Amino acid sequence: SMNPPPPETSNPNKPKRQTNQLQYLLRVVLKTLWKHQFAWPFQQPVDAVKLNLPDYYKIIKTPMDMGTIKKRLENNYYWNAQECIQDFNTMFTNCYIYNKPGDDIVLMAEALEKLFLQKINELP
Ligand SMILES: COc1ccc(-c2ccc3nnc(C)n3n2)cc1OC
């Protein structure tokens, strides 16, 4: 059960813009979630081979992680702030999909999602 390549993070042909919303998403949202005690399973793509999770990429067809989001923000990959917010939401929902209600990893993702929402509440 091979891992897929990680999501694309840079496209020099995509037009680029700097907005207050995108700057906040990197400098506040991504930065704060990265430093959360429970962030470490979400800082890079799920390595289903190393973790012995052969069904991970049979269930999760839209993988996402904070390492990918960080790169997308740095590379001006997002034009709309909603694209970034959607990626964070895909990351949390993937965890809820693969796992089950009450699992430790689900409770960790729920705590990160609650911090995300406290930070997004304050978006420009
Ligand atoms: C670096 O180490 C790890 C990295 C990730 C996981 C892990 C396991 C199941 C799962 N379901 N959704 C997500 C996200 N994950 N992440 C576990 C790790 O070590 C035990």
# chains A, B, ... in the order shown; residues from 1 in each chain; ligands from 1
>>> residues_around(residues="stretch 62-79 of chain A", least_positions_apart="3", cutoff="7 Å", atoms="only C-alpha atoms", output="list in words")
residues 7, 9, 10, 11, 16, 17, 26, 30, 42, 43, 44, 45, 83, 84, 87, 90 and 91 of chain A
>>> write_last_selection(atoms="C-alpha atoms", output="compact mmCIF listing (two decimals), in the first residue's frame")
# COMPACT_ATOMS: atom_id res chain seq x y z
CA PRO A 7 -0.55 17.45 -2.53
CA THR A 9 2.14 23.16 -3.12
CA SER A 10 3.61 25.40 -5.80
CA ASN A 11 2.54 26.47 -9.26
CA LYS A 16 -0.33 35.63 -6.83
CA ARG A 17 -1.72 38.14 -4.38
CA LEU A 26 0.08 31.98 7.78
CA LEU A 30 -0.90 28.15 10.80
CA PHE A 42 -0.90 16.71 11.54
CA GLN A 43 2.42 18.41 10.65
CA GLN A 44 3.16 16.22 7.64
CA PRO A 45 1.25 13.82 5.32
CA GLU A 83 -9.18 27.67 -0.24
CA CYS A 84 -6.90 27.63 2.82
CA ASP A 87 -7.73 22.68 3.43
CA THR A 90 -10.31 18.69 4.96
CA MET A 91 -7.46 17.88 7.39
>>> residues_near_ligand(ligand="ligand 1", cutoff="9 Å", atoms="only C-alpha atoms and all ligand atoms", output="list in words")
residues 40, 41, 42, 43, 44, 45, 46, 47, 48, 50, 51, 53, 56, 64, 65, 91, 92, 94, 95, 96, 97, 98, 99, 105, 106 and 109 of chain A
>>> residues_around(residues="residue A:81", least_positions_apart="3", cutoff="9 Å", atoms="only C-alpha atoms", output="PyMOL selection string")
chain A and resi 19+21-22+25+78+84-86
>>> write_last_selection(atoms="N, CA, C and O atoms", output="short mmCIF file (atom, residue, chain, number, x, y, z; two decimals), in the first residue's frame")
data_model
loop_
_atom_site.label_atom_id
_atom_site.label_comp_id
_atom_site.auth_asym_id
_atom_site.auth_seq_id
_atom_site.Cartn_x
_atom_site.Cartn_y
_atom_site.Cartn_z
N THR A 19 -2.84 39.33 0.72
CA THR A 19 -4.00 39.94 1.36
C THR A 19 -3.82 39.85 2.86
O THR A 19 -3.01 39.04 3.34
N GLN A 21 -6.00 38.67 4.90
CA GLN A 21 -6.55 37.36 5.23
C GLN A 21 -5.50 36.25 5.06
O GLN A 21 -5.31 35.44 5.96
N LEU A 22 -4.81 36.22 3.91
CA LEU A 22 -3.77 35.22 3.67
C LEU A 22 -2.57 35.38 4.59
O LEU A 22 -2.05 34.38 5.09
N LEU A 25 -3.63 34.02 7.92
CA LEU A 25 -3.69 32.55 7.87
C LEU A 25 -2.33 31.90 8.08
O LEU A 25 -2.25 30.84 8.72
N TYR A 78 -2.58 29.85 -2.72
CA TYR A 78 -3.98 30.21 -2.54
C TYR A 78 -4.23 31.61 -3.03
O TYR A 78 -3.47 32.52 -2.69
N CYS A 84 -7.73 28.01 1.69
CA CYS A 84 -6.90 27.63 2.82
C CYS A 84 -7.78 27.08 3.94
O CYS A 84 -7.46 26.04 4.53
N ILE A 85 -8.88 27.78 4.24
CA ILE A 85 -9.82 27.34 5.27
C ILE A 85 -10.35 25.95 4.92
O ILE A 85 -10.41 25.10 5.80
N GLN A 86 -10.66 25.72 3.63
CA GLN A 86 -11.13 24.42 3.16
C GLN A 86 -10.06 23.34 3.41
O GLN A 86 -10.41 22.23 3.82
#
>>> closest_residue(among="A:59, A:120, A:49, A:2", to="residue A:24", atoms="only C-alpha atoms")
A:120
>>> atom_distance(atom1="atom CA of residue A:32", atom2="atom CA of residue A:111")
12.6 Å
>>> closest_residue(among="A:39, A:52, A:27, A:57", to="residue A:6", atoms="only C-alpha atoms")
A:57
>>> closest_residue(among="A:4, A:101, A:37, A:88", to="residue A:60", atoms="only C-alpha atoms")
A:4
>>> atom_distance(atom1="atom CA of residue A:114", atom2="atom CA of residue A:33")
10.2 Å
>>> select_by_dssp(residues="stretch 32-89 of chain A", states="alpha helix (DSSP H)", output="JSON, numbers by chain")
{"A": [32, 33, 34, 56, 57, 58, 59, 66, 67, 68, 69, 70, 71, 72, 73, 74, 81, 82, 83, 84, 85, 86, 87, 88, 89]}
>>> write_last_selection(atoms="C-alpha atoms", output="CSV table (one decimal), in the first residue's frame")
chain,number,residue,atom,x,y,z
A,32,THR,CA,-0.5,28.9,16.4
A,33,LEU,CA,-1.8,25.5,15.3
A,34,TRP,CA,1.7,24.3,14.5
A,56,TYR,CA,-5.6,4.9,5.0
A,57,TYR,CA,-5.4,5.9,1.3
A,58,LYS,CA,-8.2,3.5,0.4
A,59,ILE,CA,-10.5,5.6,2.7
A,66,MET,CA,-0.4,21.4,8.0
A,67,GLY,CA,3.0,20.9,6.3
A,68,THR,CA,1.2,21.1,3.0
A,69,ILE,CA,-0.9,24.2,4.1
A,70,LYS,CA,2.3,26.0,5.3
A,71,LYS,CA,3.9,25.4,1.9
A,72,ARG,CA,0.8,26.5,0.0
A,73,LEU,CA,0.6,29.7,2.0
A,74,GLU,CA,4.4,30.4,1.6
A,81,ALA,CA,-8.7,32.7,1.9
A,82,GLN,CA,-11.5,30.1,1.6
A,83,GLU,CA,-9.2,27.7,-0.2
A,84,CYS,CA,-6.9,27.6,2.8
A,85,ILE,CA,-9.8,27.3,5.3
A,86,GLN,CA,-11.1,24.4,3.2
A,87,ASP,CA,-7.7,22.7,3.4
A,88,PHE,CA,-7.7,22.9,7.3
A,89,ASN,CA,-11.3,21.6,7.3
>>> atom_distance(atom1="atom CA of residue A:31", atom2="atom CA of residue A:80")
18.9 Å
